[PDB]
């Protein structure tokens, strides 16, 4: 019966669905003997799981809480296991070399770098009162996973706070023993971990409340004095979990300041991390010298660098009279490029409020050559808010941004450095589509600070593209009347632009003569999008050869930038968009998807343009809205997008109807019509894209359809899509008229 249900939950191998299995469980009469099986399990997942079951059973369950506060010294030592399985005979020293060859992938080659020296030798639970006896035992088991399992269980017991059960009286005594005695670590990551001692110390943080007035904390800060980093470690992690209950802060902090200099990197890490949580007042001049020294060490990688940057950031935020020393300024430049992401993020957060040219320059380098976007966003945000960037920054990056798109940045233009943006081989990995993306982003940043004239030219394709747009931005600011900038002959450019002459002038015109035919030469095709780009940007805000650009552009970011320019100009009544609209709309409703990049940024501006009233005529219309309907579904002026929703029906256009669903108001129209005739086919592809609160309306009508044999397959199909959603909270939003049914029906379902 139920024992069968529990024995299938018992059955268990390999996944999170078993978490869902434990997430599933609720209330029963007795057994947990099977739970213990898990808490002794060697898996990191089962121990949690099992301990989670123990957590369920908390009521008026008795608990003894006598705590013997004894700091008794032990001579035990707790490791991974007893190691008795290491008393075995080692194979020949010939069979072994064979093994090393395999593991180190030394097939086909000779390996004579080991010798004889290298291979030498040195030197029953069923009763409940017995399920708690059993863990008190495991708290000190020689198998670490049993120790973890054991400790993980108690966390669960003391989790809830509210039969007869005495709790071990030597509990604390056992914790303390572990903390000083257990010497098991996980060195998998640079930041060391003490699986057992950790879980242990966390328990102590839950025990503390229900604990007699003690000298425990004073005792723990005593661990920081030990010569064994492992006990120090134990001290720090425990104190971390108890930091709330720490009084005599000055006495702990004094030691923490000391340990910032530990020879051991974990003690240094844990040290600073804990110190960030307490007031820093007296040691102020001291913890600054320490942290700066740690930062400057230039140890290629120390795990504590981030924690030290945090500690500085803190001192400087909490004491605004203090400012970073100009000399130490050159010690944080490297951090923007540091291989480790936590350092990069941390430094961009420590400079968020300062305005030094030097730092200004480094934040720009970041936006250009950063791997992670989330991190680039920090640097972008830092520059977009600026109206006082130095001219020499605008000028310098205005022509750094325009270097050849196939050569690396110059070590002479940057203070930062990576083998990914400065080597001729690194580039070809990043790909120009990124290199260009990240320039388009810096470009949107440096334009809000006054636009000096850039006389300096570089003469590459890209150089023209940007310096062109630059002048367009200038003109838009001074409402300069439009002058049809002149595009020279293909020849002209091939003479000036260093990036085009990496190509057979002849093969080039062939491509120009007819694209869609990927030329055989590898340099032309790329240089084709570089060209289509330049001309479009040169003739802007003429949009003749813009349609070309959108059709070939690989880099999605630039199409975005360009659409920005167009729209910015449109809003200022500074451009004519009509021909470009048409040519775009068409190219989009026919599979040229670069054009979406425009319609998203121009967005709702469409519905107030002549063209829109003229789209309610094209036979092309639904092919278009299919691809863009999300953009317009948000508008406030609903009567407008209204004419199109009527059409998606008439034409049973699923994609356009789904898009119209995320909005409530249109369900009201949909359902109020589905009841006049049940197109079950589309209902199958439509309904589940709306608010489920409506479903209870389709149950009776869908049964007639099956009762009498009508669309039997379809009806039955959707019917089993809707039934699992009958347990759904009806929506108060909808028309009070439709509640007169959502409730009328919803009622008859419980009738009786």
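Numbering follows the first chain given and starts at 1.
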Count class of deposited residues lacking coordinates, residue 162 to residue 163: 4 to 9
Between residue 87 and residue 88 - deposited residues without coordinates, as a size class: none
Stretch with the higher entry mean CA B-factor, where the candidates are 254 to 262 and 277 to 285: 277 to 285
192 to 200 or 521 to 529, whichever carries the higher mean Cα B-factor: 521 to 529
Of the residues 313, 610, 96, 513, the one carrying the largest Cα B-factor as recorded: 513
Among 182, 318, 143, 298 - the residue whose C-alpha B-factor is largest in the record: 298
Third of the chain, ranked by Cα B-factor, where residue 617 sits: highest
Where the record places residue 131 (Cα B-factor, split into thirds across the chain): highest
Position of residue 673 among the chain's modelled residues by C-alpha B-factor, lowest, middle or highest third: highest
Among modelled residues of the same chain, the CA temperature factor third for residue 240: lowest
Third of the chain, ranked by Cα B-factor, where residue 632 sits: lowest
